[PDB]
């Protein structure tokens, strides 16, 4: 008997040449690490949003590593360089389970360190659910435009189409894709998003949209259990995650250490917005994590 051909990413790169982790379902997740030259003060997991991937966090990760944190991430199943049918998940909990496996694995290699989470959009719903599953385990969470409440006009349009796939057998159904111009007022960052071949810019598959509605439902039920410290950054003109969700998260979370910063006029991707906003986002995350790792 001979060993089968190396498992490769969806872009045909052997996983044996890349940092990776195999999840509970036997799926390979592509991993990224940014470690300081000294002994890290803390670990921080970066949780990307729907359709994107971990490579989009390069600059934020380098800033965090500059604070002597060991930053780590993986592409969620169905995204980027990880395995899985594109933007499909059997249940939304798979994302949370896989973050927990990676966090548990890193804490074995770097024991006794505080661990933080940083999430954007769906990645912020994943961070919230991860922290609610393990009360008292995480030192803090940084949320950038987390998915807590979808945009009201898009939630109504979807929930109707969703109950049509929920009543019949229609596997290939999909809604329309995101209008990339609403991601950011920074046109260069919108063009970069439109140029990245690791980003899935296809319309949302209805099955996946159902899992996002499950995520929103679960986030709402988790808020009375959420006690982790958090920093919440939200743009007032975000057409993807309505700002009303950020106010509801500040109100309903039980956390004793919660802070909200609103960026007036800003769109969704605050860490890739107009320079004045992006520089503030980086500075605020730096101060917030620096204060909680001293």
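C-alpha atoms forming the largest set that superposes within 1.5 Å between two forms make up the rigid core. Positions refer to the first chain, counted from 1.
Put simply, when the other structures in 5 other deposited structures of this protein are lined up on the rigid core, the C-alpha atoms of 177 to 185 lie farther off than those of the other stretch, from 177 to 185 and 139 to 147.
Of 151 to 159 and 210 to 218, the stretch whose C-alpha atoms sit farther from the shown form in 5 other deposited structures of this protein, after fitting on the rigid core, is 151 to 159.
The mean Cα B-factor in the deposited entry runs higher for 203 to 211 than for the other of 203 to 211 and 98 to 106. As recorded in the PDB entry, 146 to 154 is the stretch of 146 to 154 and 69 to 77 with the greater mean C-alpha temperature factor.
The entry lists C-alpha B-factors for 129, 115, 141, 161, and the highest of these is at 161. Reading the B-factor column for the CA atoms of 51, 40, 229, 235 in the entry, the top value corresponds to 40. In the deposited entry, the Cα temperature factor of residue 260 sits in the bottom third of values across the chain's modelled residues. When all modelled residues of the chain are sorted by CA temperature factor, residue 26 is found within the middle third. The deposited CA B-factor of residue 198 belongs to the middle third of values across its chain. Among the modelled residues of its chain, residue 19 has a C-alpha B-factor that falls in the lowest third, as given in the PDB entry. Sort the chain's modelled residues by C-alpha temperature factor and residue 225 lands in the highest third, per the entry.
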